[PDB]
Structure formats: structure tokens, C-alpha cells
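Peer 1: Please find start.json (JSON, C-alpha atoms) on the next line:
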[["chain", "number", "residue", "atom", "x", "y", "z"],
["B", 1, "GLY", "CA", 190.85, 106.15, 166.86],
["B", 2, "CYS", "CA", 192.59, 102.94, 165.71],
["B", 3, "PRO", "CA", 196.36, 102.72, 165.60],
["B", 4, "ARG", "CA", 197.57, 104.60, 162.52],
["B", 5, "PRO", "CA", 195.27, 103.14, 159.83],
["B", 6, "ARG", "CA", 195.93, 103.63, 156.05],
["B", 7, "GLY", "CA", 193.76, 103.45, 152.97],
["B", 8, "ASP", "CA", 196.23, 100.92, 151.57],
["B", 9, "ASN", "CA", 194.27, 98.43, 153.68],
["B", 10, "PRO", "CA", 190.56, 97.42, 153.59],
["B", 11, "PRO", "CA", 188.25, 98.16, 156.46],
["B", 12, "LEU", "CA", 187.64, 95.29, 158.89],
["B", 13, "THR", "CA", 184.16, 94.10, 159.85],
["B", 14, "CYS", "CA", 182.53, 94.25, 163.23],
["B", 15, "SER", "CA", 179.12, 93.69, 164.88],
["B", 16, "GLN", "CA", 179.84, 94.98, 168.37],
["B", 17, "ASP", "CA", 182.31, 97.51, 169.82],
["B", 18, "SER", "CA", 184.22, 94.66, 171.48],
["B", 19, "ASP", "CA", 185.20, 93.17, 168.05],
["B", 20, "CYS", "CA", 187.81, 95.89, 167.63],
["B", 21, "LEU", "CA", 190.95, 97.19, 169.32],
["B", 22, "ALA", "CA", 190.76, 99.81, 172.08],
["B", 23, "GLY", "CA", 190.24, 103.28, 170.47],
["B", 24, "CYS", "CA", 188.12, 101.83, 167.63],
["B", 25, "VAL", "CA", 184.32, 101.74, 167.52],
["B", 26, "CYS", "CA", 181.81, 99.69, 165.55],
["B", 27, "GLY", "CA", 179.73, 101.52, 162.91],
["B", 28, "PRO", "CA", 176.31, 101.09, 161.18],
["B", 29, "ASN", "CA", 177.78, 99.63, 157.93],
["B", 30, "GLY", "CA", 179.19, 96.67, 159.94],
["B", 31, "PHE", "CA", 182.73, 98.00, 159.57],
["B", 32, "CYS", "CA", 185.03, 99.17, 162.35],
["B", 33, "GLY", "CA", 186.03, 102.83, 162.56]]
When written as C-alpha cells, how does the structure in this file appear?

Peer 2:
Amino acid sequence: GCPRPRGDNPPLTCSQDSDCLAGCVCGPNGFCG
């Protein structure tokens, strides 16, 4: 998964898998996971 995320921060948007860091994926709500 992404490097140590926290719920003190909002999710970031995406539209493709390449919009995120390695380890992260792009989901159906248009937010990275």
C-alpha cells in the first residue's frame, strides 16, 4: 500500500493507476488507495 498513510489527511484523487506512488492503486470513487 502507500507509504504509512493516516486518517489525519484527506484522500488524494486519481483517474489512473499511474497518478499515484508505487504501492498505491486507483479506485472506483476516483480516490487513490

Peer 1: Please compute the atom CA of residue 4 of chain B-atom CA of residue 23 of chain B distance, one decimal, in Å.

Peer 2: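 Result for atom CA of residue 4 of chain B versus atom CA of residue 23 of chain B: 10.9 Å, one decimal.
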
Peer 1: Quote the spacing between atom CA of residue 28 of chain B and atom CA of residue 8 of chain B in Å to one decimal place.

Peer 2: 22.1 Å

Peer 1: How many Å separate atom CA of residue 5 of chain B from atom CA of residue 19 of chain B?

Peer 2: 16.4 Å

Peer 1: Could you name the residues that touch residue 27 of chain B at 12 Å or less, counting only C-alpha atoms, but leaving out those on the same chain fewer than 2 positions away, as a count of residues only?

Peer 2: 17

Peer 1: Each side padded by 4 Å, which centre and which edge lengths in Å (one decimal) define the axis-aligned box around the listed atoms of segment 21-26 of chain B? Give them as lines of an AutoDock Vina configuration file.

Peer 2:
center_x = 186.4
center_y = 100.2
center_z = 168.8
size_x = 17.1
size_y = 14.1
size_z = 14.5

Peer 1: Missing atoms in segment 9-33 of chain B should be modelled up to N, CA and C atoms and reported as a PDB file, keeping the file's coordinate frame.

Peer 2:
ATOM      1  N   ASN B   9     194.845  99.621 153.072  1.00  0.00           N
ATOM      2  CA  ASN B   9     194.270  98.430 153.680  1.00  0.00           C
ATOM      3  C   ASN B   9     192.743  98.528 153.706  1.00  0.00           C
ATOM      4  N   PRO B  10     192.030  97.396 153.556  1.00  0.00           N
ATOM      5  CA  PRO B  10     190.560  97.420 153.590  1.00  0.00           C
ATOM      6  C   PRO B  10     190.019  97.639 154.994  1.00  0.00           C
ATOM      7  N   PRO B  11     188.776  98.140 155.091  1.00  0.00           N
ATOM      8  CA  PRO B  11     188.250  98.160 156.460  1.00  0.00           C
ATOM      9  C   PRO B  11     187.954  96.777 156.960  1.00  0.00           C
ATOM     10  N   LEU B  12     188.006  96.578 158.281  1.00  0.00           N
ATOM     11  CA  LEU B  12     187.640  95.290 158.890  1.00  0.00           C
ATOM     12  C   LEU B  12     186.207  95.326 159.369  1.00  0.00           C
ATOM     13  N   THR B  13     185.538  94.172 159.379  1.00  0.00           N
ATOM     14  CA  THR B  13     184.160  94.100 159.850  1.00  0.00           C
ATOM     15  C   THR B  13     184.040  94.058 161.328  1.00  0.00           C
ATOM     16  N   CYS B  14     182.855  94.402 161.817  1.00  0.00           N
ATOM     17  CA  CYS B  14     182.530  94.250 163.230  1.00  0.00           C
ATOM     18  C   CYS B  14     181.021  94.032 163.360  1.00  0.00           C
ATOM     19  N   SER B  15     180.532  93.725 164.582  1.00  0.00           N
ATOM     20  CA  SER B  15     179.120  93.690 164.880  1.00  0.00           C
ATOM     21  C   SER B  15     178.857  94.294 166.253  1.00  0.00           C
ATOM     22  N   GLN B  16     179.897  94.314 167.070  1.00  0.00           N
ATOM     23  CA  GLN B  16     179.840  94.980 168.370  1.00  0.00           C
ATOM     24  C   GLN B  16     181.120  95.823 168.487  1.00  0.00           C
ATOM     25  N   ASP B  17     181.128  96.712 169.472  1.00  0.00           N
ATOM     26  CA  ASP B  17     182.310  97.510 169.820  1.00  0.00           C
ATOM     27  C   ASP B  17     183.475  96.656 170.319  1.00  0.00           C
ATOM     28  N   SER B  18     183.164  95.537 170.947  1.00  0.00           N
ATOM     29  CA  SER B  18     184.220  94.660 171.480  1.00  0.00           C
ATOM     30  C   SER B  18     184.988  93.891 170.382  1.00  0.00           C
ATOM     31  N   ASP B  19     184.520  93.923 169.130  1.00  0.00           N
ATOM     32  CA  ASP B  19     185.200  93.170 168.050  1.00  0.00           C
ATOM     33  C   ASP B  19     186.485  93.836 167.660  1.00  0.00           C
ATOM     34  N   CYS B  20     186.642  95.082 168.029  1.00  0.00           N
ATOM     35  CA  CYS B  20     187.810  95.890 167.630  1.00  0.00           C
ATOM     36  C   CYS B  20     188.831  96.157 168.751  1.00  0.00           C
ATOM     37  N   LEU B  21     189.908  96.842 168.383  1.00  0.00           N
ATOM     38  CA  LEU B  21     190.950  97.190 169.320  1.00  0.00           C
ATOM     39  C   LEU B  21     190.455  98.402 170.132  1.00  0.00           C
ATOM     40  N   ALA B  22     191.068  98.621 171.275  1.00  0.00           N
ATOM     41  CA  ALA B  22     190.760  99.810 172.080  1.00  0.00           C
ATOM     42  C   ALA B  22     191.029 101.062 171.196  1.00  0.00           C
ATOM     43  N   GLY B  23     190.163 102.085 171.323  1.00  0.00           N
ATOM     44  CA  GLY B  23     190.240 103.280 170.470  1.00  0.00           C
ATOM     45  C   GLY B  23     189.344 103.237 169.226  1.00  0.00           C
ATOM     46  N   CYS B  24     188.945 102.042 168.837  1.00  0.00           N
ATOM     47  CA  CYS B  24     188.120 101.830 167.630  1.00  0.00           C
ATOM     48  C   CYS B  24     186.702 101.697 168.106  1.00  0.00           C
ATOM     49  N   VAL B  25     185.760 101.893 167.215  1.00  0.00           N
ATOM     50  CA  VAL B  25     184.320 101.740 167.520  1.00  0.00           C
ATOM     51  C   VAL B  25     183.690 100.922 166.395  1.00  0.00           C
ATOM     52  N   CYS B  26     182.467 100.468 166.572  1.00  0.00           N
ATOM     53  CA  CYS B  26     181.810  99.690 165.550  1.00  0.00           C
ATOM     54  C   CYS B  26     180.653 100.494 164.884  1.00  0.00           C
ATOM     55  N   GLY B  27     180.694 100.671 163.571  1.00  0.00           N
ATOM     56  CA  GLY B  27     179.730 101.520 162.910  1.00  0.00           C
ATOM     57  C   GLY B  27     178.475 100.841 162.345  1.00  0.00           C
ATOM     58  N   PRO B  28     177.585 101.645 161.736  1.00  0.00           N
ATOM     59  CA  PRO B  28     176.310 101.090 161.180  1.00  0.00           C
ATOM     60  C   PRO B  28     176.441 100.302 159.874  1.00  0.00           C
ATOM     61  N   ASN B  29     177.579 100.404 159.171  1.00  0.00           N
ATOM     62  CA  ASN B  29     177.780  99.630 157.930  1.00  0.00           C
ATOM     63  C   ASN B  29     178.381  98.251 158.278  1.00  0.00           C
ATOM     64  N   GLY B  30     178.617  97.968 159.546  1.00  0.00           N
ATOM     65  CA  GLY B  30     179.190  96.670 159.940  1.00  0.00           C
ATOM     66  C   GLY B  30     180.690  96.643 159.755  1.00  0.00           C
ATOM     67  N   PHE B  31     181.264  97.836 159.676  1.00  0.00           N
ATOM     68  CA  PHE B  31     182.730  98.000 159.570  1.00  0.00           C
ATOM     69  C   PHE B  31     183.180  98.813 160.758  1.00  0.00           C
ATOM     70  N   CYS B  32     184.387  98.496 161.229  1.00  0.00           N
ATOM     71  CA  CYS B  32     185.030  99.170 162.350  1.00  0.00           C
ATOM     72  C   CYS B  32     185.579 100.510 161.889  1.00  0.00           C
ATOM     73  N   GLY B  33     185.589 101.456 162.810  1.00  0.00           N
ATOM     74  CA  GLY B  33     186.030 102.830 162.560  1.00  0.00           C
ATOM     75  C   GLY B  33     186.777 103.369 163.759  1.00  0.00           C
TER      76      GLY B  33
END
